[PDB]
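The structure appears below as structure tokens.
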Amino acid sequence: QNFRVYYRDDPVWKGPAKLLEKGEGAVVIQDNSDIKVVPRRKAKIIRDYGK
Amino acid sequence: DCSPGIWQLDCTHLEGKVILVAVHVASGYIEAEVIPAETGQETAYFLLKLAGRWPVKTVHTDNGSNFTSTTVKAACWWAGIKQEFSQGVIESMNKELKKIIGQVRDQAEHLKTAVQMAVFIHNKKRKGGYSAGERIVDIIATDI
Amino acid sequence: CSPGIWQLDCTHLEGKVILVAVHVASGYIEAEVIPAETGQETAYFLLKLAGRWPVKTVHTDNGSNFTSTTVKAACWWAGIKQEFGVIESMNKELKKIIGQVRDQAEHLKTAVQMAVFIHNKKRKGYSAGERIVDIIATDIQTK
Amino acid sequence: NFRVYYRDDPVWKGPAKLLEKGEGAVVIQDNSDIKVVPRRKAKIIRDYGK
Ligand SMILES: Cc1ccc(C2CC2)c(-c2cc(F)c3c(c2C)CCCO3)c1[C@H](OC1CC1)C(=O)O
Ligand SMILES: Cc1ccc(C2CC2)c(-c2cc(F)c3c(c2C)CCCO3)c1[C@H](OC1CC1)C(=O)O
Ligand SMILES: [Cl-]
Ligand SMILES: [Mg+2]
Ligand SMILES: [Mg+2]
């Protein structure tokens, strides 16, 4: 059970990024070595459902 | 971690339209769709459908921008598919598919109809002596 | 015989038309969001289905897309016999899963294929995807 | 072996028996009637998957 985050800053989707924390309004992620705070609506948190 | 789960995907083109083709390398079985644009979104959607049908473990593609896109990464992550970027199989299959399409093209108005007739023809043809469509089902069931 | 028997039906979500095929003996499903509930779209779906599985008999209700000449043409070319509550149960199950995953995707069609994947891979002890492959391979291997 | 579907009315009619396929028109028989239909209004389909 692990997660990667795909997100938009630019309508192009970025990712995968590491999920650092999830809140009711935002997700904190690390893409490469930059930490970013991303509104929930602009992020998809996707698990490796199919293994 | 062997041949039952390994697929190759590539795009070919006819009549200005984009055809996305998947081949199960060990059987020669194929699936194809005419997609409206050669984008990550259309490729990811194709892959989710494919992964729901078969136990897709590895997909081998070239470096076309739709295959290296973020949207396809997301699809493979969710579905559990490893991407890798026996040799030249899909390129040979593209040619064979276009050959069959040309043989039946005048039997349908729409290119997509002839594409799917061609897929059917290829998958059902017994080489002896099983067909590609029989070979994939036999390979996967034995791997269960 | 059970290897070749399928049921097809349309269901509706978000004003979109979902065409569902169920392999009766396994519970395996495939589905597509089609732009209109027409014979042309139904026939194209059947041609794709018949190219991947040994489709011998298809059971449907009497919806006009299923009784259309275009679908009769598909079934004649592909060698399919047409007959006129497995699929209905399956429509409800598919919609339940779709509802559970709907906010994970922008597009309804994405959620539909996620739900198909979820349904087909779930081990209830084999999954529907394992069962269809096993049923059909047994028929092939025993001639 | 072959079926011809054809239009006159947007619904596809047939199947009819194929008698001759020309490049401009098709001669068919549908319920005792001999009909000549333009190629563009005809679909000639074989029971490939029998
Ligand atoms: C439009 C869009 C844009 C960006 C993405 C990805 C990078 C974030 C996706 C997408 C693609 C997936 F394959 C996928 C998922 C998503 C969310 C979720 C898990 C199952 O696999 C989609 C997706 O549509 C695409 C035709 C599939 C949608 O409907 O949201
Ligand atoms: C547009 C149209 C109109 C009428 C028909 C039928 C009554 C004559 C067909 C049709 C349907 C088939 F299922 C089919 C074939 C044809 C020709 C050829 C052999 C394999 O199966 C089509 C067909 O498109 C439909 C989405 C498939 C096309 O592209 O020509
Ligand atoms: Cl927050
Ligand atoms: Mg290529
Ligand atoms: Mg119905």
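Letters A, B, ... mark the chains of the structure tokens in the order given; residue numbers begin at 1 per chain; ligand numbers begin at 1, in order shown.
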>> Which residues are near ligand 2 in this structure, taking near to mean any atom at most 8 Å from a ligand atom and counting only C-alpha atoms and all ligand atoms? Format them as a ChimeraX atom specification.
In response: /B:107-114,117 /C:39-47,69-78 /D:4-6,12-13,42-46
Would you export the selected residues with C-alpha atoms as a PDB file, in the first residue's frame, please?
```
ATOM      1  CA  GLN B 107     -15.904  -4.459 -47.012  1.00  0.00           C
ATOM      2  CA  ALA B 108     -16.652  -1.640 -44.552  1.00  0.00           C
ATOM      3  CA  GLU B 109     -17.210   2.081 -44.688  1.00  0.00           C
ATOM      4  CA  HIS B 110     -15.234   2.921 -41.550  1.00  0.00           C
ATOM      5  CA  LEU B 111     -11.549   2.252 -41.008  1.00  0.00           C
ATOM      6  CA  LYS B 112     -12.264   1.208 -37.414  1.00  0.00           C
ATOM      7  CA  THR B 113     -14.578  -1.548 -38.674  1.00  0.00           C
ATOM      8  CA  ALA B 114     -11.853  -2.946 -40.935  1.00  0.00           C
ATOM      9  CA  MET B 117     -12.192  -7.346 -38.683  1.00  0.00           C
TER      10      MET B 117
ATOM     11  CA  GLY C  39     -26.881  -0.438 -33.551  1.00  0.00           C
ATOM     12  CA  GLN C  40     -23.686   0.875 -35.119  1.00  0.00           C
ATOM     13  CA  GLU C  41     -21.991   1.388 -31.743  1.00  0.00           C
ATOM     14  CA  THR C  42     -23.301  -1.960 -30.478  1.00  0.00           C
ATOM     15  CA  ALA C  43     -22.066  -3.806 -33.565  1.00  0.00           C
ATOM     16  CA  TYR C  44     -18.577  -2.270 -33.255  1.00  0.00           C
ATOM     17  CA  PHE C  45     -18.420  -3.360 -29.595  1.00  0.00           C
ATOM     18  CA  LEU C  46     -19.436  -6.908 -30.570  1.00  0.00           C
ATOM     19  CA  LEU C  47     -16.767  -7.088 -33.293  1.00  0.00           C
ATOM     20  CA  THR C  69     -29.721  -4.914 -38.806  1.00  0.00           C
ATOM     21  CA  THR C  70     -26.228  -3.591 -38.122  1.00  0.00           C
ATOM     22  CA  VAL C  71     -25.915  -5.949 -35.145  1.00  0.00           C
ATOM     23  CA  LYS C  72     -27.347  -8.825 -37.175  1.00  0.00           C
ATOM     24  CA  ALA C  73     -24.580  -8.127 -39.709  1.00  0.00           C
ATOM     25  CA  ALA C  74     -21.874  -8.214 -37.022  1.00  0.00           C
ATOM     26  CA  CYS C  75     -23.183 -11.524 -35.659  1.00  0.00           C
ATOM     27  CA  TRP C  76     -23.399 -13.083 -39.132  1.00  0.00           C
ATOM     28  CA  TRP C  77     -19.827 -12.105 -40.029  1.00  0.00           C
ATOM     29  CA  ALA C  78     -18.427 -13.194 -36.642  1.00  0.00           C
TER      30      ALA C  78
ATOM     31  CA  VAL D   4     -26.149  -8.191 -49.100  1.00  0.00           C
ATOM     32  CA  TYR D   5     -27.516  -5.452 -46.915  1.00  0.00           C
ATOM     33  CA  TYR D   6     -28.692  -2.366 -48.719  1.00  0.00           C
ATOM     34  CA  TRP D  12     -30.548  -1.300 -43.688  1.00  0.00           C
ATOM     35  CA  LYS D  13     -32.517  -3.945 -45.556  1.00  0.00           C
ATOM     36  CA  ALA D  42     -24.813  -1.802 -50.571  1.00  0.00           C
ATOM     37  CA  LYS D  43     -22.811  -3.848 -48.058  1.00  0.00           C
ATOM     38  CA  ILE D  44     -21.766  -7.323 -49.233  1.00  0.00           C
ATOM     39  CA  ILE D  45     -20.927  -9.450 -46.187  1.00  0.00           C
ATOM     40  CA  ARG D  46     -19.648 -13.019 -45.862  1.00  0.00           C
TER      41      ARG D  46
END
```
> How would you write, as a list in words, the set of residues no farther than 7 Å from ligand 3 when counting only C-alpha atoms and all ligand atoms?
Replying inline: residues 22, 23, 24, 25, 26 and 27 of chain A
Please write the residues from the selection above to a file, keeping N, CA, C and O atoms, as a PDB file, in the first residue's frame.
```
ATOM      1  N   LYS A  22      -1.206  14.874   4.008  1.00  0.00           N
ATOM      2  CA  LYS A  22      -2.503  15.198   3.436  1.00  0.00           C
ATOM      3  C   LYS A  22      -3.311  15.949   4.481  1.00  0.00           C
ATOM      4  O   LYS A  22      -3.409  15.506   5.628  1.00  0.00           O
ATOM      5  N   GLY A  23      -3.864  17.097   4.091  1.00  0.00           N
ATOM      6  CA  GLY A  23      -4.814  17.817   4.906  1.00  0.00           C
ATOM      7  C   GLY A  23      -6.139  17.981   4.184  1.00  0.00           C
ATOM      8  O   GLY A  23      -6.302  17.582   3.027  1.00  0.00           O
ATOM      9  N   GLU A  24      -7.090  18.587   4.897  1.00  0.00           N
ATOM     10  CA  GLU A  24      -8.417  18.784   4.328  1.00  0.00           C
ATOM     11  C   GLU A  24      -8.398  19.724   3.130  1.00  0.00           C
ATOM     12  O   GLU A  24      -9.304  19.663   2.293  1.00  0.00           O
ATOM     13  N   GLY A  25      -7.389  20.582   3.020  1.00  0.00           N
ATOM     14  CA  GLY A  25      -7.360  21.544   1.937  1.00  0.00           C
ATOM     15  C   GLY A  25      -6.192  21.401   0.983  1.00  0.00           C
ATOM     16  O   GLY A  25      -6.266  21.860  -0.161  1.00  0.00           O
ATOM     17  N   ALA A  26      -5.106  20.773   1.429  1.00  0.00           N
ATOM     18  CA  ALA A  26      -3.899  20.736   0.619  1.00  0.00           C
ATOM     19  C   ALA A  26      -3.156  19.432   0.851  1.00  0.00           C
ATOM     20  O   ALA A  26      -3.389  18.724   1.833  1.00  0.00           O
ATOM     21  N   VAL A  27      -2.255  19.126  -0.079  1.00  0.00           N
ATOM     22  CA  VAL A  27      -1.309  18.030   0.065  1.00  0.00           C
ATOM     23  C   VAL A  27       0.085  18.620  -0.046  1.00  0.00           C
ATOM     24  O   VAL A  27       0.324  19.533  -0.844  1.00  0.00           O
TER      25      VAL A  27
END
```
> For chain D, which residues have at least one atom within 6 Å of chain C, if we go by only C-alpha atoms? Write them as a PyMOL selection string, please.
Replying inline: chain D and resi 46-50
>> Quick one: residues within 12 Å of residue 33 of chain D, only C-alpha atoms, excluding same-chain residues fewer than 4 positions away - as an MDAnalysis selection string?
In response: chainID D and resid 14 16:17 19 27:29
>> Show me, as a PyMOL selection string, every residue of chain B with an atom at most 8 Å from chain A, counting only C-alpha atoms.
In response: chain B and resi 70-71+73-74+77-81
Store the residues picked out above, limited to N, CA, C and O atoms, as a PDB file, in the first residue's frame.
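Dumped to out-v1.pdb:
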```pdb
ATOM      1  N   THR B  70       3.014  11.541 -18.304  1.00  0.00           N
ATOM      2  CA  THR B  70       2.632  11.423 -16.898  1.00  0.00           C
ATOM      3  C   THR B  70       1.323  10.651 -16.729  1.00  0.00           C
ATOM      4  O   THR B  70       1.160   9.892 -15.771  1.00  0.00           O
ATOM      5  N   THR B  71       0.388  10.824 -17.655  1.00  0.00           N
ATOM      6  CA  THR B  71      -0.895  10.152 -17.520  1.00  0.00           C
ATOM      7  C   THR B  71      -0.744   8.637 -17.640  1.00  0.00           C
ATOM      8  O   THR B  71      -1.403   7.882 -16.915  1.00  0.00           O
ATOM      9  N   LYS B  73       2.059   6.999 -16.898  1.00  0.00           N
ATOM     10  CA  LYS B  73       2.705   6.614 -15.645  1.00  0.00           C
ATOM     11  C   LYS B  73       1.673   6.325 -14.563  1.00  0.00           C
ATOM     12  O   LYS B  73       1.773   5.328 -13.841  1.00  0.00           O
ATOM     13  N   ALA B  74       0.674   7.200 -14.443  1.00  0.00           N
ATOM     14  CA  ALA B  74      -0.377   7.024 -13.446  1.00  0.00           C
ATOM     15  C   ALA B  74      -1.153   5.741 -13.682  1.00  0.00           C
ATOM     16  O   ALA B  74      -1.475   5.021 -12.728  1.00  0.00           O
ATOM     17  N   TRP B  77       1.065   2.771 -12.753  1.00  0.00           N
ATOM     18  CA  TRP B  77       1.184   2.718 -11.298  1.00  0.00           C
ATOM     19  C   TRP B  77      -0.064   2.107 -10.665  1.00  0.00           C
ATOM     20  O   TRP B  77       0.029   1.164  -9.868  1.00  0.00           O
ATOM     21  N   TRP B  78      -1.247   2.619 -11.026  1.00  0.00           N
ATOM     22  CA  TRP B  78      -2.487   2.123 -10.424  1.00  0.00           C
ATOM     23  C   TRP B  78      -2.722   0.652 -10.758  1.00  0.00           C
ATOM     24  O   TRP B  78      -3.082  -0.147  -9.880  1.00  0.00           O
ATOM     25  N   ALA B  79      -2.494   0.272 -12.017  1.00  0.00           N
ATOM     26  CA  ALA B  79      -2.758  -1.088 -12.474  1.00  0.00           C
ATOM     27  C   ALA B  79      -1.642  -2.070 -12.143  1.00  0.00           C
ATOM     28  O   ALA B  79      -1.823  -3.272 -12.349  1.00  0.00           O
ATOM     29  N   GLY B  80      -0.497  -1.606 -11.649  1.00  0.00           N
ATOM     30  CA  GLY B  80       0.575  -2.526 -11.316  1.00  0.00           C
ATOM     31  C   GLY B  80       1.414  -2.981 -12.488  1.00  0.00           C
ATOM     32  O   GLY B  80       1.888  -4.122 -12.499  1.00  0.00           O
ATOM     33  N   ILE B  81       1.627  -2.111 -13.472  1.00  0.00           N
ATOM     34  CA  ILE B  81       2.311  -2.450 -14.712  1.00  0.00           C
ATOM     35  C   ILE B  81       3.687  -1.805 -14.695  1.00  0.00           C
ATOM     36  O   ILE B  81       3.820  -0.625 -14.354  1.00  0.00           O
TER      37      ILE B  81
END
```
>> Quick check for you: according to DSSP on this backbone, which residues of chain D are classed as strand (DSSP E)? Reply as a ChimeraX atom specification.
In response: /D:2-6,13-21,25-30,33-38,42-46
> If you count only C-alpha atoms and all ligand atoms, which residues end up within 8 Å of ligand 5, as a PyMOL selection string?
Replying inline: chain C and resi 9-11+60-63
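Minimum atom-to-atom distance to ligand 1, evaluated using only C-alpha atoms and all ligand atoms, belongs to A:8 out of A:39, A:2, A:30, A:8.
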Listing only residues of chain B within 8 Å of ligand 4, what is the closest atom pair and its distance in Å (to one decimal) for each, using only C-alpha atoms and all ligand atoms, sorted by chain and residue number ascending, as a Markdown table?
```
| residue | atom | partner | partner_atom_place_in_ligand_line | distance |
| --- | --- | --- | --- | --- |
| B:10 | CA | ligand 4 | 1 (Mg) | 4.9 |
| B:11 | CA | ligand 4 | 1 (Mg) | 5.3 |
| B:12 | CA | ligand 4 | 1 (Mg) | 7.0 |
| B:61 | CA | ligand 4 | 1 (Mg) | 7.4 |
| B:62 | CA | ligand 4 | 1 (Mg) | 5.7 |
| B:63 | CA | ligand 4 | 1 (Mg) | 7.4 |
| B:64 | CA | ligand 4 | 1 (Mg) | 5.8 |
```
Please write the residues from the selection above to a file, keeping N, CA, C and O atoms, as a PDB file, in the first residue's frame.
```pdb
ATOM      1  N   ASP B  10       2.385  -0.113 -29.581  1.00  0.00           N
ATOM      2  CA  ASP B  10       2.912   0.867 -30.524  1.00  0.00           C
ATOM      3  C   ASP B  10       1.737   1.441 -31.303  1.00  0.00           C
ATOM      4  O   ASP B  10       0.655   0.859 -31.330  1.00  0.00           O
ATOM      5  N   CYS B  11       1.960   2.590 -31.934  1.00  0.00           N
ATOM      6  CA  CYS B  11       0.966   3.212 -32.799  1.00  0.00           C
ATOM      7  C   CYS B  11       1.385   3.083 -34.253  1.00  0.00           C
ATOM      8  O   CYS B  11       2.571   3.177 -34.583  1.00  0.00           O
ATOM      9  N   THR B  12       0.398   2.886 -35.118  1.00  0.00           N
ATOM     10  CA  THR B  12       0.594   2.984 -36.555  1.00  0.00           C
ATOM     11  C   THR B  12      -0.520   3.864 -37.109  1.00  0.00           C
ATOM     12  O   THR B  12      -1.430   4.276 -36.379  1.00  0.00           O
ATOM     13  N   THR B  61       7.458  -0.329 -24.840  1.00  0.00           N
ATOM     14  CA  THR B  61       7.149   0.648 -25.881  1.00  0.00           C
ATOM     15  C   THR B  61       8.438   1.320 -26.327  1.00  0.00           C
ATOM     16  O   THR B  61       9.485   1.184 -25.693  1.00  0.00           O
ATOM     17  N   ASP B  62       8.347   2.063 -27.423  1.00  0.00           N
ATOM     18  CA  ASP B  62       9.395   3.012 -27.775  1.00  0.00           C
ATOM     19  C   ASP B  62       9.192   4.279 -26.937  1.00  0.00           C
ATOM     20  O   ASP B  62       8.384   4.317 -26.001  1.00  0.00           O
ATOM     21  N   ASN B  63       9.907   5.349 -27.279  1.00  0.00           N
ATOM     22  CA  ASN B  63       9.905   6.576 -26.491  1.00  0.00           C
ATOM     23  C   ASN B  63       8.946   7.629 -27.034  1.00  0.00           C
ATOM     24  O   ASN B  63       9.139   8.826 -26.788  1.00  0.00           O
ATOM     25  N   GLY B  64       7.914   7.211 -27.762  1.00  0.00           N
ATOM     26  CA  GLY B  64       6.883   8.149 -28.160  1.00  0.00           C
ATOM     27  C   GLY B  64       6.321   8.872 -26.951  1.00  0.00           C
ATOM     28  O   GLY B  64       6.174   8.297 -25.872  1.00  0.00           O
TER      29      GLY B  64
END
```
If you take only C-alpha atoms and a cut-off of 9 Å, which residues of chain B touch chain C, and what are their nearest atom pairs and distances in Å to one decimal, in chain and number order, as a Markdown table?
```
| residue | atom | partner | partner_atom | distance |
| --- | --- | --- | --- | --- |
| B:29 | CA | C:52 | CA | 8.5 |
| B:30 | CA | C:52 | CA | 8.2 |
| B:31 | CA | C:52 | CA | 7.6 |
| B:32 | CA | C:48 | CA | 8.7 |
| B:33 | CA | C:48 | CA | 8.9 |
| B:45 | CA | C:110 | CA | 6.7 |
| B:48 | CA | C:113 | CA | 6.3 |
| B:49 | CA | C:113 | CA | 5.9 |
| B:51 | CA | C:117 | CA | 7.0 |
| B:52 | CA | C:117 | CA | 4.1 |
| B:53 | CA | C:129 | CA | 6.8 |
| B:54 | CA | C:129 | CA | 7.3 |
| B:55 | CA | C:129 | CA | 8.5 |
| B:79 | CA | C:117 | CA | 8.4 |
| B:112 | CA | C:44 | CA | 8.3 |
| B:113 | CA | C:44 | CA | 6.8 |
| B:116 | CA | C:48 | CA | 5.9 |
| B:117 | CA | C:47 | CA | 7.1 |
| B:118 | CA | C:51 | CA | 8.8 |
| B:119 | CA | C:51 | CA | 6.2 |
| B:120 | CA | C:51 | CA | 4.1 |
| B:121 | CA | C:51 | CA | 7.8 |
| B:122 | CA | C:51 | CA | 8.7 |
| B:123 | CA | C:51 | CA | 6.7 |
| B:124 | CA | C:51 | CA | 7.6 |
| B:130 | CA | C:140 | CA | 9.0 |
| B:133 | CA | C:52 | CA | 6.7 |
| B:134 | CA | C:140 | CA | 7.0 |
| B:135 | CA | C:137 | CA | 8.9 |
| B:137 | CA | C:133 | CA | 5.6 |
| B:138 | CA | C:137 | CA | 5.2 |
| B:139 | CA | C:137 | CA | 8.7 |
| B:140 | CA | C:133 | CA | 7.0 |
| B:141 | CA | C:134 | CA | 5.2 |
| B:142 | CA | C:134 | CA | 8.2 |
| B:144 | CA | C:130 | CA | 7.2 |
```
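Distance annotation: of C:142, C:127, C:104, C:57, the residue with the minimal separation from chain A is C:104; atom set is only C-alpha atoms.
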> Leaving out residue 47 of chain B and any residue of its chain fewer than 6 positions from it, which residues lie within 9 Å of it when counting only C-alpha atoms, given as a list in words?
Replying inline: residues 72, 75, 76 and 79 of chain B
>> I'd like the neighbourhood of residue 86 of chain B as a list in words, where a residue qualifies if any of its atoms comes within 12 Å (using only C-alpha atoms), though same-chain residues fewer than 4 positions away should be ignored.
In response: residues 3, 6, 7, 8, 23, 24, 25, 26, 27, 28, 60, 90, 91, 92 and 93 of chain B
> What is the atom CA of residue 123 of chain C to atom CA of residue 98 of chain C distance in Å?
Replying inline: 18.3 Å
